[PDB]
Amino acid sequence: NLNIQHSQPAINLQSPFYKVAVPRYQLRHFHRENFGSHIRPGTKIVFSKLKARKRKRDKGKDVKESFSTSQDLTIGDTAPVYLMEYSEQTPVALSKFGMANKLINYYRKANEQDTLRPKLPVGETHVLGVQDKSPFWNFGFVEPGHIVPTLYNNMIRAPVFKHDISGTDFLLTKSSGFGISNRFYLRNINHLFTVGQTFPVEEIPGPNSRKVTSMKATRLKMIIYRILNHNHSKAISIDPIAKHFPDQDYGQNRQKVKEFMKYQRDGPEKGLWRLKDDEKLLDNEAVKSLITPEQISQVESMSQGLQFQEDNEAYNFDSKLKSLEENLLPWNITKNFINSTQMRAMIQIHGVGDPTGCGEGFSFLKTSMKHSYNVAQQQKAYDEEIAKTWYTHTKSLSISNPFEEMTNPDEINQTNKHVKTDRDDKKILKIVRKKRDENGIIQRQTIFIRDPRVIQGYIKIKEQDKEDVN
């Protein structure tokens, strides 16, 4: 079955793995952490032994049963490890701790009479009928009698490509928690896959999306039900909920609660809140289902776009490049892809929007339509360019030996070959500073800033700073 079940820590939205707001560092460096900043210099790393994973333990067990605690998701065991290396620098969405992906080997029957059910050493074989639609919609294909291995989840779908790990490569992991202080493991890599272009199953939310704004309210419903289920009182105080929203004052805290609870003026319950029974109390176990880990991960992908947008606004002197990023914002891009998937729009397929820089990927930017016989002509060229790009894409990622299969492995991208290093004005920044110092004479320094990235940042602050008005 293609039904996705995550581990328990994932469903629980376990802290610190899942947060309401991540620091901007983790937005700026997305799923990219500095391992060297968290090891104290002089530390001697000695490797510990792997905990044996009994086959009987996970035999005929569900995911959440197989992984009940964060300790079940350790790399400090003998369970095979799969490394999914993303070809995209900025994939649509990634998975957070505990979340499950399905490795699906799609096989399509050559004919109705096809009895074959091919098995690859890893992943689950899923048979596609002859008239069955493509798992990659109209942008990818599984040919009859062919297998196309695929990364499957509720957020994205992407082709994967198994490769050999260099015999020099190993996985060094650092583990701590469960009453135990940090220790290290050194493992062989069982499997290595290159993940192809990520195709969104679901849109990435926008900044002012009602889906995002409503999460704050849902996080409240959440806590309210939990507190109620604990005391059974059906009448509680607004005091223990307020500590979960340190930013909000008495007025805000009250206002937010009245979307759910009503105030008791007179009685034994006076000075307390009962929930309007227009809302039905959920048990604690079903209260977890109110927010999915996919939902959170989707918002972080959104916040990454937002962070990169404002990181560009301040520091990017390149007008043309800045404008490109604005057109590549994930909430837009992903949306247009879902449209094109429903024949409600089209994508450019090539050019600047291609995340590869060569022709080895898809551009998701929107293009116009599409007369009568002229649209059938354009459609044919469209459907052809798609298939053309798809096979170039999959062939490019199926490369075992770079130097023999690639045209020029050491070639340089268009966008990496020619970069704009100067302003439009070709000007620089001259700063004159007068600082009374030395316990004496006023000193004057004159400074020149040749870095257009700094120049742009300096001005933008000064510009907004120059306003103390209104």
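All residue numbers are counted from 1 along the displayed sequence.
The stretch of deposited sequence separating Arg117 from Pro118 contains no residues lacking coordinates in this entry. Note on 88-96 vs 279-287: mean CA B-factor is higher in 279-287.
Averaged over their C-alpha atoms, the temperature factors of 232-240 and 179-187 are higher for 232-240. Ranking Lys388, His163, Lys270, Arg157 by Cα temperature factor from the entry places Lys270 first. Take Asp410, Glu405, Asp58, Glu33 and read off each C-alpha B-factor from the entry; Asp58 has the highest.
Per the PDB record, residue ranking by Cα B-factor puts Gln443 in the highest third of the chain.
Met346: CA B factor in the highest third of modelled residues in this chain (values from the PDB entry). Per the deposited record, the Cα B-factor of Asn208 falls in the highest third when ranked against the other modelled residues of its chain. Residue-level temperature factors show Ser7 in the lowest third of its chain, judged at the C-alpha atom.
Annotation for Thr194: CA B-factor lies in the lowest third of the chain's modelled residues.
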